[PDB]
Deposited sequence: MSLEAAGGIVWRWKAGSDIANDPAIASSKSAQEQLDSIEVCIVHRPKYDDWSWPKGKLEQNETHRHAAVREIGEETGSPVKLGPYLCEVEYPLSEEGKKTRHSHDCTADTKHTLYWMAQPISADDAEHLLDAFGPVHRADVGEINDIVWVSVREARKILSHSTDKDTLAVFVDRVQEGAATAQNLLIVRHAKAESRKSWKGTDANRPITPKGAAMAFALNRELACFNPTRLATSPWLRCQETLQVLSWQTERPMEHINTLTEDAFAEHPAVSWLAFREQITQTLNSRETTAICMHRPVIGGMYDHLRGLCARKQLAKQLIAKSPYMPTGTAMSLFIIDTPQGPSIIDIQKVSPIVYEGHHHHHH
């Protein structure tokens, strides 16, 4: 029996960090943790308090089930943050509430979410991390909360989200009688790209970018259409541009990371494999852990075509540091 859910958190209204989130990283882990409220729901069935979660629907992923279950039980649409853990079978993510307007832009991309009935949930509360430890009914949830605290101590509360998307399956260079720039994705590629939208939607992507080359454009265009977020073309990220000026490519990419951190919005960018490889050559060594760096590979099966990697980043004096990596596959 598969289920998914998570710990939805926010900065306590009135706290210094809430008044200006940008100062979060200039605060200690304790100052941050003391400024956080987490969401706990009450199930009348067992008269218990726990983290919102629920069973996956038929052919639905755990990440999608998690966002849906949180919305159904807390009434809050959210975007997934770093992954927390799994319990013997439920997977948990820490997550942040998104605006009602943003949620509306994801209606078709994510799919429907129905409010739970009073017989499923009859109370929703927002408490501090200390109180959460006190009121949670099951030890399992307290453990997950402890993992949540670890993440915060490791800077997760200040992390921002960058989604890197490899273009979907495209026509072979062998049979394509056009230019490489207009080489399109194949019918199967369109299916993969289409199916991937519901997954990418779990991270509330509100800034879309892409190499101008058709195969990359077509990979995110339906998402762009449903979310009404125009795709920004980044000419300096084509394979030709990367081959000629790789450092200029890093600047282009790095600027998107800067925009992501400043706006605190999720950025999704469709890129070419060798270009992603070049980006990773610099990000690998900046990862928070060796385990993360080992996964940061722009090749299959680490990252097959039509799939993405949801990266959570904090900036450091040495460069952007990835604190978590989630491989995102369609269907």
Deposited-sequence stretches lacking C-alpha coordinates, listed in sequence order = 1 to 2, 91 to 111, 355 to 364
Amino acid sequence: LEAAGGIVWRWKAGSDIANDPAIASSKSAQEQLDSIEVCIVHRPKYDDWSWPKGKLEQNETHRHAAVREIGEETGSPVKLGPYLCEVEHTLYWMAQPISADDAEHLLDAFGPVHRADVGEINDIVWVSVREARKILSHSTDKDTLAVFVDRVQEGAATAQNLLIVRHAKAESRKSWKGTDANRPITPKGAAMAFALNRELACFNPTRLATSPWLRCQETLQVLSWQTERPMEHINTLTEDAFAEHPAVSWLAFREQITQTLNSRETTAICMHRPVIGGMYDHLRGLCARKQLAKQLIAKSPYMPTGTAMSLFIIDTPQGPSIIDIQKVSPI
From here on, numbers count along this sequence of modelled residues.
Given 153 to 161 and 249 to 257, the range whose Cα B-factors average higher in the PDB entry = 153 to 161
Between 264 to 272 and 32 to 40, point out the one with the higher average CA B-factor as the PDB entry records it.
-> 32 to 40
Of the choices 110, 93, 203, 176, which one's C-alpha carries the largest B-factor in the record?
-> 176
For 172, 235, 226, 217, the deposited C-alpha B-factor is largest at 172
What third of the chain, by the recorded C-alpha B-factor, contains residue 221?
-> lowest
By the record's CA B-factor, is residue 211 among the lowest, middle or highest third of residues in the chain?
-> lowest
Just say lowest, middle or highest third for the CA B-factor of residue 51 relative to the other modelled residues in its chain.
-> middle
Taking the values exactly as deposited, rank residue 303 by C-alpha B-factor within its chain and report the matching third: lowest, middle or highest.
-> highest
Ranked against its chain, the third holding the CA B-factor of residue 293 = highest
